[PDB]
Amino acid sequence: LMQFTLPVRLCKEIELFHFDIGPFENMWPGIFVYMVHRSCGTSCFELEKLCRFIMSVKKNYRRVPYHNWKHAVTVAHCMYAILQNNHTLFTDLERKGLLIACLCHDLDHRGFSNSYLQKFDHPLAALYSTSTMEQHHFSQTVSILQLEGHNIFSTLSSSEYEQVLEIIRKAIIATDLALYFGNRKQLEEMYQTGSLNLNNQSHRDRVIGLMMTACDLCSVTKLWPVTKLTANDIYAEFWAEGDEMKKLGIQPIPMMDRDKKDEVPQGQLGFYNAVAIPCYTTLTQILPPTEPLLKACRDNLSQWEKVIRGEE
Ligand SMILES: CCc1cnc(C)n2nc(CCc3nc(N4CCCC4)nn3C)nc12
Ligand SMILES: [Mg+2]
Ligand SMILES: [Zn+2]
């Protein structure tokens with residue numbers, strides 16, 4: 001049969017958590033299939049259906065600075081690294097579902113937060129009152145799954161299919177950062193009082209939720225130059241939202257106000273301290289082989305510290 005292969009540098013470096021998928025868009029589909037094949041099997045999906053699914057997913061990501069197709073593949077690659085480093089912890093349906101969930105998790109994102117949609121009074125905010133964009137991303141996922149020749153799950157039973165779509169739904173909803181804080185706190189408590197139990201479905205769900213946050217945030221776990229340049233795309237979106245807030249006659253939060261350009265280094269610190277570090281800490285506790293993510297995050301926190309001290 002036809003295995004996908006990668007040039008030597010990619011073949012080796014793709015296994016590492018800090019891998020960057022590179023500027024050549026046309027190689028991203030192949031990189032994804034490669035990951036599916038090794039983390040799932042060459043038999044997980046019909047190749048022709050999978051390739052058609054990938055291309056429709058790509059088509060449904062928009063040309064925005066951060067929440068775009070490169071982000072989707074980047075988040076899936078972080079998931080691949082987690083899955084490959086925790087071989088025996090996950091079911092076959094989870095392996096299948098989670099890489100798809102990652103590829104799909106920001107489908108049709110417009111570059112605006114849930115909060116902006118609510119203040120704009122976008123139709124999506126009436127259809128979905130919480131986790132607005134995330135329910136939209138899951139809906140887009142189902143749509144694409146139902147296009148002719150796009151059902152990559154065709155070989156699953158009605159109940160297995162239902163289970164995989166449920167994993168995907170929950171994984172996608174979990175990428176709403178508003179939900180992360182409470183999910184991480186519960187996980188922290190369960191881990192510390194030793195109640196955490198991976199045979200408990202609602203516990204697995206929470207663990208997968210945290211994995212999703214970890215993958216979604218993985219720009220903070222890259223080599224410093226990647227981290228730094230990604231942060232520029234992040235703010236390009238936020239600040240455009242800031243402008244749109246001012247158009248509605250609302251002062252945006254500092255994160256989204258381009259007039260606060262100078263405070264960026266300090267905004268990153270609070271973010272690593274409040275969000276990133278706690279996320280990778282708890283994840284490393286639950287899943288020890290993901291420690292390279294915490295380590296990389298800590299390195300990047302220290303780089304933002306250097307930026308503030310004027311040493312960079
Ligand atoms: C998707 C959420 C996300 C993911 N990854 C990264 C690296 N970031 N960085 C941010 C912004 C972090 C931030 N910047 C600021 N401001 C900068 C100047 C004034 C205040 N306040 N805060 C909290 N958000 C994310
Ligand atoms: Mg999102
Ligand atoms: Zn995302």
# chains A, B, ... in the order shown; residues from 1 in each chain; ligands from 1
>>> residues_near_ligand(ligand="ligand 3", cutoff="9 Å", atoms="only C-alpha atoms and all ligand atoms", output="VMD selection string")
chain A and resid 66 to 68 71 to 72 75 102 105 to 106 175 to 176 212 to 213 215 to 217
>>> residues_around(residues="range 196-210 of chain A", least_positions_apart="3", cutoff="12 Å", atoms="only C-alpha atoms", output="PDB file with N, CA and C atoms, in the first residue's frame")
ATOM      1  N   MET A  79      -1.684  17.677  19.051  1.00  0.00           N
ATOM      2  CA  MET A  79      -2.462  16.512  19.494  1.00  0.00           C
ATOM      3  C   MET A  79      -1.761  15.190  19.128  1.00  0.00           C
ATOM      4  N   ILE A  82       1.030  14.522  21.568  1.00  0.00           N
ATOM      5  CA  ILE A  82       0.469  14.030  22.820  1.00  0.00           C
ATOM      6  C   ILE A  82       0.078  12.553  22.679  1.00  0.00           C
ATOM      7  N   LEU A  83      -0.668  12.231  21.622  1.00  0.00           N
ATOM      8  CA  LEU A  83      -1.146  10.868  21.401  1.00  0.00           C
ATOM      9  C   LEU A  83      -0.005   9.876  21.241  1.00  0.00           C
ATOM     10  N   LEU A  89      -2.749   4.910  26.424  1.00  0.00           N
ATOM     11  CA  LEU A  89      -3.829   5.543  27.191  1.00  0.00           C
ATOM     12  C   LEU A  89      -5.134   5.771  26.431  1.00  0.00           C
ATOM     13  N   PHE A  90      -5.122   5.690  25.109  1.00  0.00           N
ATOM     14  CA  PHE A  90      -6.321   6.108  24.376  1.00  0.00           C
ATOM     15  C   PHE A  90      -6.961   5.059  23.509  1.00  0.00           C
ATOM     16  N   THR A  91      -8.290   5.102  23.443  1.00  0.00           N
ATOM     17  CA  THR A  91      -9.054   4.168  22.615  1.00  0.00           C
ATOM     18  C   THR A  91      -8.905   4.499  21.138  1.00  0.00           C
ATOM     19  N   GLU A  94     -10.966   7.420  20.066  1.00  0.00           N
ATOM     20  CA  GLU A  94     -10.356   8.663  20.525  1.00  0.00           C
ATOM     21  C   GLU A  94      -9.237   9.097  19.580  1.00  0.00           C
ATOM     22  N   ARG A  95      -8.394   8.152  19.194  1.00  0.00           N
ATOM     23  CA  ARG A  95      -7.305   8.449  18.279  1.00  0.00           C
ATOM     24  C   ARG A  95      -7.832   9.052  16.966  1.00  0.00           C
ATOM     25  N   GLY A  97     -10.977  10.345  16.447  1.00  0.00           N
ATOM     26  CA  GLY A  97     -11.755  11.549  16.676  1.00  0.00           C
ATOM     27  C   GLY A  97     -10.959  12.802  16.987  1.00  0.00           C
ATOM     28  N   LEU A  98      -9.947  12.675  17.843  1.00  0.00           N
ATOM     29  CA  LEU A  98      -9.222  13.843  18.335  1.00  0.00           C
ATOM     30  C   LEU A  98      -8.394  14.621  17.286  1.00  0.00           C
ATOM     31  N   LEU A  99      -7.792  13.927  16.324  1.00  0.00           N
ATOM     32  CA  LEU A  99      -7.032  14.637  15.301  1.00  0.00           C
ATOM     33  C   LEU A  99      -7.979  15.384  14.369  1.00  0.00           C
ATOM     34  N   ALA A 101     -10.988  16.395  15.327  1.00  0.00           N
ATOM     35  CA  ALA A 101     -11.535  17.464  16.152  1.00  0.00           C
ATOM     36  C   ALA A 101     -10.578  18.648  16.109  1.00  0.00           C
ATOM     37  N   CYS A 102      -9.287  18.373  16.208  1.00  0.00           N
ATOM     38  CA  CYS A 102      -8.303  19.432  16.195  1.00  0.00           C
ATOM     39  C   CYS A 102      -8.282  20.141  14.852  1.00  0.00           C
ATOM     40  N   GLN A 163     -20.571   7.771  19.171  1.00  0.00           N
ATOM     41  CA  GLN A 163     -19.484   8.017  20.105  1.00  0.00           C
ATOM     42  C   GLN A 163     -18.379   8.950  19.559  1.00  0.00           C
ATOM     43  N   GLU A 166     -19.527  12.499  19.363  1.00  0.00           N
ATOM     44  CA  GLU A 166     -19.642  13.017  20.715  1.00  0.00           C
ATOM     45  C   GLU A 166     -18.279  13.429  21.304  1.00  0.00           C
ATOM     46  N   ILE A 167     -17.256  12.620  21.064  1.00  0.00           N
ATOM     47  CA  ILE A 167     -15.887  12.985  21.402  1.00  0.00           C
ATOM     48  C   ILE A 167     -15.514  14.318  20.704  1.00  0.00           C
ATOM     49  N   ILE A 168     -15.806  14.400  19.414  1.00  0.00           N
ATOM     50  CA  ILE A 168     -15.503  15.587  18.618  1.00  0.00           C
ATOM     51  C   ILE A 168     -16.260  16.803  19.151  1.00  0.00           C
ATOM     52  N   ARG A 169     -17.569  16.654  19.400  1.00  0.00           N
ATOM     53  CA  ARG A 169     -18.342  17.760  19.940  1.00  0.00           C
ATOM     54  C   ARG A 169     -17.698  18.271  21.222  1.00  0.00           C
ATOM     55  N   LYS A 170     -17.483  17.355  22.164  1.00  0.00           N
ATOM     56  CA  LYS A 170     -16.979  17.775  23.476  1.00  0.00           C
ATOM     57  C   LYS A 170     -15.589  18.399  23.338  1.00  0.00           C
ATOM     58  N   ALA A 171     -14.706  17.759  22.547  1.00  0.00           N
ATOM     59  CA  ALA A 171     -13.354  18.280  22.308  1.00  0.00           C
ATOM     60  C   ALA A 171     -13.445  19.713  21.772  1.00  0.00           C
ATOM     61  N   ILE A 172     -14.338  19.943  20.812  1.00  0.00           N
ATOM     62  CA  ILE A 172     -14.432  21.284  20.193  1.00  0.00           C
ATOM     63  C   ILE A 172     -14.976  22.306  21.178  1.00  0.00           C
ATOM     64  N   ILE A 173     -16.052  21.954  21.895  1.00  0.00           N
ATOM     65  CA  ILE A 173     -16.619  22.865  22.900  1.00  0.00           C
ATOM     66  C   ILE A 173     -15.557  23.275  23.945  1.00  0.00           C
ATOM     67  N   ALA A 174     -14.696  22.317  24.299  1.00  0.00           N
ATOM     68  CA  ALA A 174     -13.639  22.523  25.301  1.00  0.00           C
ATOM     69  C   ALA A 174     -12.632  23.600  24.895  1.00  0.00           C
ATOM     70  N   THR A 175     -12.553  23.908  23.597  1.00  0.00           N
ATOM     71  CA  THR A 175     -11.607  24.950  23.126  1.00  0.00           C
ATOM     72  C   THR A 175     -12.113  26.354  23.428  1.00  0.00           C
ATOM     73  N   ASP A 176     -13.313  26.442  23.978  1.00  0.00           N
ATOM     74  CA  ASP A 176     -13.776  27.740  24.481  1.00  0.00           C
ATOM     75  C   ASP A 176     -12.999  28.019  25.765  1.00  0.00           C
ATOM     76  N   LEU A 177     -12.061  28.965  25.709  1.00  0.00           N
ATOM     77  CA  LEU A 177     -11.212  29.233  26.853  1.00  0.00           C
ATOM     78  C   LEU A 177     -11.996  29.617  28.142  1.00  0.00           C
ATOM     79  N   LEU A 179     -14.256  28.054  29.339  1.00  0.00           N
ATOM     80  CA  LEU A 179     -14.556  26.804  30.048  1.00  0.00           C
ATOM     81  C   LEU A 179     -13.339  26.134  30.669  1.00  0.00           C
ATOM     82  N   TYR A 180     -12.172  26.612  30.279  1.00  0.00           N
ATOM     83  CA  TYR A 180     -10.934  25.977  30.599  1.00  0.00           C
ATOM     84  C   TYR A 180     -10.649  26.085  32.104  1.00  0.00           C
ATOM     85  N   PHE A 181     -10.828  27.278  32.658  1.00  0.00           N
ATOM     86  CA  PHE A 181     -10.460  27.612  34.054  1.00  0.00           C
ATOM     87  C   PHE A 181     -11.112  26.645  35.028  1.00  0.00           C
ATOM     88  N   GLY A 182     -12.424  26.521  34.919  1.00  0.00           N
ATOM     89  CA  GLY A 182     -13.155  25.584  35.744  1.00  0.00           C
ATOM     90  C   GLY A 182     -12.822  24.152  35.455  1.00  0.00           C
ATOM     91  N   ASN A 183     -12.541  23.802  34.200  1.00  0.00           N
ATOM     92  CA  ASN A 183     -12.174  22.425  33.910  1.00  0.00           C
ATOM     93  C   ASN A 183     -10.814  22.052  34.541  1.00  0.00           C
ATOM     94  N   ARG A 184      -9.846  22.948  34.406  1.00  0.00           N
ATOM     95  CA  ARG A 184      -8.533  22.720  35.001  1.00  0.00           C
ATOM     96  C   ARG A 184      -8.612  22.612  36.553  1.00  0.00           C
ATOM     97  N   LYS A 185      -9.417  23.461  37.201  1.00  0.00           N
ATOM     98  CA  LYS A 185      -9.580  23.407  38.670  1.00  0.00           C
ATOM     99  C   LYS A 185     -10.115  22.064  39.142  1.00  0.00           C
ATOM    100  N   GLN A 186     -11.116  21.537  38.443  1.00  0.00           N
ATOM    101  CA  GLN A 186     -11.674  20.245  38.801  1.00  0.00           C
ATOM    102  C   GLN A 186     -10.618  19.188  38.656  1.00  0.00           C
ATOM    103  N   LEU A 187      -9.884  19.251  37.550  1.00  0.00           N
ATOM    104  CA  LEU A 187      -8.867  18.251  37.282  1.00  0.00           C
ATOM    105  C   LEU A 187      -7.756  18.286  38.348  1.00  0.00           C
ATOM    106  N   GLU A 188      -7.330  19.490  38.704  1.00  0.00           N
ATOM    107  CA  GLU A 188      -6.359  19.717  39.761  1.00  0.00           C
ATOM    108  C   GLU A 188      -6.837  19.030  41.039  1.00  0.00           C
ATOM    109  N   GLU A 189      -8.055  19.342  41.471  1.00  0.00           N
ATOM    110  CA  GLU A 189      -8.625  18.713  42.662  1.00  0.00           C
ATOM    111  C   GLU A 189      -8.692  17.204  42.598  1.00  0.00           C
ATOM    112  N   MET A 190      -9.197  16.660  41.495  1.00  0.00           N
ATOM    113  CA  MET A 190      -9.313  15.220  41.351  1.00  0.00           C
ATOM    114  C   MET A 190      -7.959  14.543  41.377  1.00  0.00           C
ATOM    115  N   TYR A 191      -6.969  15.169  40.747  1.00  0.00           N
ATOM    116  CA  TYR A 191      -5.617  14.622  40.750  1.00  0.00           C
ATOM    117  C   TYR A 191      -5.014  14.595  42.163  1.00  0.00           C
ATOM    118  N   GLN A 192      -5.208  15.681  42.915  1.00  0.00           N
ATOM    119  CA  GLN A 192      -4.610  15.863  44.247  1.00  0.00           C
ATOM    120  C   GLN A 192      -5.246  15.018  45.345  1.00  0.00           C
ATOM    121  N   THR A 193      -6.564  14.901  45.311  1.00  0.00           N
ATOM    122  CA  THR A 193      -7.280  14.016  46.219  1.00  0.00           C
ATOM    123  C   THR A 193      -7.340  12.581  45.670  1.00  0.00           C
ATOM    124  N   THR A 213      -7.206  22.330  25.204  1.00  0.00           N
ATOM    125  CA  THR A 213      -6.702  23.664  25.548  1.00  0.00           C
ATOM    126  C   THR A 213      -5.193  23.741  25.301  1.00  0.00           C
ATOM    127  N   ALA A 214      -4.495  22.704  25.746  1.00  0.00           N
ATOM    128  CA  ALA A 214      -3.057  22.593  25.577  1.00  0.00           C
ATOM    129  C   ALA A 214      -2.638  22.636  24.099  1.00  0.00           C
ATOM    130  N   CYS A 215      -3.337  21.882  23.252  1.00  0.00           N
ATOM    131  CA  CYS A 215      -3.046  21.913  21.828  1.00  0.00           C
ATOM    132  C   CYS A 215      -3.397  23.296  21.236  1.00  0.00           C
ATOM    133  N   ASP A 216      -4.549  23.832  21.617  1.00  0.00           N
ATOM    134  CA  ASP A 216      -5.012  25.106  21.102  1.00  0.00           C
ATOM    135  C   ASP A 216      -4.033  26.225  21.421  1.00  0.00           C
ATOM    136  N   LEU A 217      -3.382  26.150  22.576  1.00  0.00           N
ATOM    137  CA  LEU A 217      -2.457  27.186  23.010  1.00  0.00           C
ATOM    138  C   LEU A 217      -1.000  26.920  22.624  1.00  0.00           C
ATOM    139  N   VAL A 275      -2.853  31.387  32.535  1.00  0.00           N
ATOM    140  CA  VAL A 275      -3.484  30.412  31.624  1.00  0.00           C
ATOM    141  C   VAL A 275      -2.558  29.313  31.188  1.00  0.00           C
ATOM    142  N   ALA A 276      -1.485  29.682  30.495  1.00  0.00           N
ATOM    143  CA  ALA A 276      -0.595  28.703  29.866  1.00  0.00           C
ATOM    144  C   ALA A 276       0.101  27.761  30.857  1.00  0.00           C
ATOM    145  N   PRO A 278      -0.375  27.102  34.190  1.00  0.00           N
ATOM    146  CA  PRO A 278      -1.325  26.188  34.870  1.00  0.00           C
ATOM    147  C   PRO A 278      -1.862  25.063  33.984  1.00  0.00           C
ATOM    148  N   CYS A 279      -2.142  25.371  32.697  1.00  0.00           N
ATOM    149  CA  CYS A 279      -2.618  24.367  31.755  1.00  0.00           C
ATOM    150  C   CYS A 279      -1.590  23.242  31.575  1.00  0.00           C
ATOM    151  N   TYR A 280      -0.361  23.600  31.202  1.00  0.00           N
ATOM    152  CA  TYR A 280       0.661  22.563  30.982  1.00  0.00           C
ATOM    153  C   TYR A 280       1.142  21.875  32.274  1.00  0.00           C
ATOM    154  N   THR A 281       1.133  22.596  33.385  1.00  0.00           N
ATOM    155  CA  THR A 281       1.417  21.961  34.704  1.00  0.00           C
ATOM    156  C   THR A 281       0.463  20.782  34.991  1.00  0.00           C
ATOM    157  N   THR A 282      -0.845  21.078  34.971  1.00  0.00           N
ATOM    158  CA  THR A 282      -1.884  20.091  35.293  1.00  0.00           C
ATOM    159  C   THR A 282      -1.852  18.978  34.271  1.00  0.00           C
ATOM    160  N   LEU A 283      -1.570  19.331  33.013  1.00  0.00           N
ATOM    161  CA  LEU A 283      -1.490  18.316  31.967  1.00  0.00           C
ATOM    162  C   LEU A 283      -0.309  17.377  32.202  1.00  0.00           C
ATOM    163  N   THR A 284       0.822  17.941  32.613  1.00  0.00           N
ATOM    164  CA  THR A 284       2.023  17.136  32.858  1.00  0.00           C
ATOM    165  C   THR A 284       1.791  16.194  34.060  1.00  0.00           C
ATOM    166  N   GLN A 285       1.078  16.694  35.070  1.00  0.00           N
ATOM    167  CA  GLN A 285       0.702  15.875  36.231  1.00  0.00           C
ATOM    168  C   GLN A 285      -0.138  14.697  35.831  1.00  0.00           C
ATOM    169  N   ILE A 286      -1.127  14.937  34.973  1.00  0.00           N
ATOM    170  CA  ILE A 286      -2.028  13.867  34.560  1.00  0.00           C
ATOM    171  C   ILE A 286      -1.352  12.954  33.542  1.00  0.00           C
ATOM    172  N   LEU A 287      -0.519  13.547  32.686  1.00  0.00           N
ATOM    173  CA  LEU A 287       0.102  12.816  31.585  1.00  0.00           C
ATOM    174  C   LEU A 287       1.592  13.148  31.553  1.00  0.00           C
TER     175      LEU A 287
END
>>> residues_around(residues="residue 48 in chain A", least_positions_apart="2", cutoff="10 Å", atoms="only C-alpha atoms", output="count of residues only")
9
>>> select_by_dssp(residues="range 37-265 of chain A", states="alpha helix (DSSP H)", output="NGL selection string")
:A and (37-39 or 47-59 or 69-85 or 92-104 or 114-120 or 123-127 or 132-145 or 158-173 or 180-192 or 201-216 or 224-247 or 264-265)
>>> residues_around(residues="range 30-33 of chain A", least_positions_apart="4", cutoff="12 Å", atoms="only C-alpha atoms", output="PyMOL selection string")
chain A and resi 2-7+10-11+13-15+19-22+24-26+37-55+58+69-70+72-80+96+99-100+102-103
>>> residues_around(residues="range 114-127 of chain A", least_positions_apart="3", cutoff="12 Å", atoms="only C-alpha atoms", output="PyMOL selection string")
chain A and resi 109-111+130-137+139+176-178+238+240-253+256
>>> write_last_selection(atoms="N, CA, C and O atoms", output="CSV table (one decimal), in the first residue's frame")
chain,number,residue,atom,x,y,z
A,109,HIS,N,-14.0,30.3,11.4
A,109,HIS,CA,-13.8,31.4,12.3
A,109,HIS,C,-13.6,32.7,11.5
A,109,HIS,O,-13.0,32.7,10.5
A,110,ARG,N,-14.1,33.7,12.1
A,110,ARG,CA,-14.1,35.0,11.4
A,110,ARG,C,-13.1,36.0,12.0
A,110,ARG,O,-13.0,37.1,11.6
A,111,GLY,N,-12.3,35.5,12.9
A,111,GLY,CA,-11.3,36.5,13.6
A,111,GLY,C,-11.9,37.3,14.7
A,111,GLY,O,-11.3,38.3,15.2
A,130,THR,N,-24.1,30.4,24.5
A,130,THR,CA,-22.7,30.2,25.1
A,130,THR,C,-21.8,29.4,24.2
A,130,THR,O,-22.4,28.7,23.3
A,131,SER,N,-20.5,29.6,24.3
A,131,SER,CA,-19.5,29.0,23.5
A,131,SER,C,-20.0,29.1,22.0
A,131,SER,O,-20.0,28.2,21.3
A,132,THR,N,-20.3,30.4,21.6
A,132,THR,CA,-21.0,30.7,20.4
A,132,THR,C,-20.2,30.1,19.2
A,132,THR,O,-20.7,29.3,18.4
A,133,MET,N,-18.9,30.5,19.1
A,133,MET,CA,-18.2,30.1,17.9
A,133,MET,C,-17.9,28.6,17.9
A,133,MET,O,-17.9,28.0,16.8
A,134,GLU,N,-17.8,28.1,19.1
A,134,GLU,CA,-17.4,26.7,19.2
A,134,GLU,C,-18.6,25.8,18.8
A,134,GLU,O,-18.4,24.7,18.2
A,135,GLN,N,-19.8,26.2,19.1
A,135,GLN,CA,-20.9,25.4,18.6
A,135,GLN,C,-21.0,25.5,17.1
A,135,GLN,O,-21.4,24.6,16.4
A,136,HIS,N,-20.7,26.7,16.6
A,136,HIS,CA,-20.6,26.9,15.2
A,136,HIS,C,-19.6,26.0,14.5
A,136,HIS,O,-19.9,25.4,13.5
A,137,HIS,N,-18.4,25.9,15.1
A,137,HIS,CA,-17.3,25.0,14.5
A,137,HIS,C,-17.7,23.6,14.5
A,137,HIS,O,-17.4,22.8,13.5
A,139,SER,N,-20.9,22.5,14.3
A,139,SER,CA,-21.9,22.4,13.3
A,139,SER,C,-21.3,22.3,11.9
A,139,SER,O,-21.7,21.5,11.0
A,176,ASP,N,-13.3,26.4,24.0
A,176,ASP,CA,-13.8,27.7,24.5
A,176,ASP,C,-13.0,28.0,25.8
A,176,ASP,O,-13.2,27.4,26.8
A,177,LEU,N,-12.1,29.0,25.7
A,177,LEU,CA,-11.2,29.2,26.9
A,177,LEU,C,-12.0,29.6,28.1
A,177,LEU,O,-11.5,29.3,29.2
A,178,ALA,N,-13.2,30.2,28.0
A,178,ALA,CA,-14.0,30.5,29.2
A,178,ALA,C,-14.3,29.2,30.0
A,178,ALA,O,-14.5,29.3,31.2
A,238,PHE,N,-6.8,40.4,17.4
A,238,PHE,CA,-7.4,41.0,18.6
A,238,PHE,C,-7.6,42.5,18.3
A,238,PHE,O,-8.7,43.1,18.7
A,240,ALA,N,-7.9,44.2,15.5
A,240,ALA,CA,-8.9,44.5,14.6
A,240,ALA,C,-10.3,44.4,15.3
A,240,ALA,O,-11.1,45.2,15.0
A,241,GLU,N,-10.4,43.4,16.2
A,241,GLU,CA,-11.6,43.3,17.0
A,241,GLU,C,-11.8,44.6,17.9
A,241,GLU,O,-12.9,45.1,18.0
A,242,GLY,N,-10.7,45.0,18.5
A,242,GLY,CA,-10.7,46.3,19.2
A,242,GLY,C,-11.2,47.4,18.4
A,242,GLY,O,-12.1,48.1,19.0
A,243,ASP,N,-10.8,47.6,17.2
A,243,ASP,CA,-11.3,48.6,16.3
A,243,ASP,C,-12.8,48.5,16.1
A,243,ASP,O,-13.5,49.5,16.2
A,244,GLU,N,-13.3,47.3,15.9
A,244,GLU,CA,-14.7,47.0,15.7
A,244,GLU,C,-15.5,47.3,17.0
A,244,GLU,O,-16.6,47.8,16.9
A,245,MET,N,-14.9,47.0,18.1
A,245,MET,CA,-15.5,47.4,19.4
A,245,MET,C,-15.7,48.9,19.4
A,245,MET,O,-16.8,49.4,19.8
A,246,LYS,N,-14.7,49.7,19.1
A,246,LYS,CA,-14.8,51.1,19.1
A,246,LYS,C,-15.8,51.7,18.1
A,246,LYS,O,-16.5,52.7,18.3
A,247,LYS,N,-15.9,51.0,16.9
A,247,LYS,CA,-17.0,51.2,16.0
A,247,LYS,C,-18.4,51.0,16.6
A,247,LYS,O,-19.3,51.8,16.2
A,248,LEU,N,-18.6,50.1,17.5
A,248,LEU,CA,-19.8,49.9,18.2
A,248,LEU,C,-20.0,50.9,19.4
A,248,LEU,O,-21.0,50.9,20.0
A,249,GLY,N,-19.0,51.8,19.6
A,249,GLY,CA,-19.0,52.7,20.7
A,249,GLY,C,-18.7,52.1,22.1
A,249,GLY,O,-19.2,52.5,23.1
A,250,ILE,N,-17.8,51.1,22.0
A,250,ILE,CA,-17.4,50.3,23.2
A,250,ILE,C,-15.9,50.4,23.3
A,250,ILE,O,-15.2,50.1,22.3
A,251,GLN,N,-15.4,50.7,24.5
A,251,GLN,CA,-14.0,50.7,24.7
A,251,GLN,C,-13.6,49.2,24.8
A,251,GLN,O,-14.2,48.4,25.6
A,252,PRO,N,-12.6,48.7,24.0
A,252,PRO,CA,-12.3,47.3,24.1
A,252,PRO,C,-11.5,47.0,25.3
A,252,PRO,O,-10.8,47.9,25.9
A,253,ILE,N,-11.4,45.8,25.8
A,253,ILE,CA,-10.4,45.4,26.9
A,253,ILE,C,-9.0,45.7,26.4
A,253,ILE,O,-8.8,45.8,25.2
A,256,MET,N,-7.2,44.0,23.4
A,256,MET,CA,-7.7,44.2,22.1
A,256,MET,C,-7.5,45.6,21.6
A,256,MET,O,-7.9,46.0,20.5
>>> atom_distance(atom1="CA of residue 129 in chain A", atom2="atom 1 (Mg, counted along the ligand's line) of ligand 2")
15.6 Å
>>> closest_residue(among="A:84, A:64, A:28, A:305", to="residue 235 in chain A", atoms="only C-alpha atoms")
A:64
>>> atom_distance(atom1="CA of residue 81 in chain A", atom2="CA of residue 165 in chain A")
21.9 Å
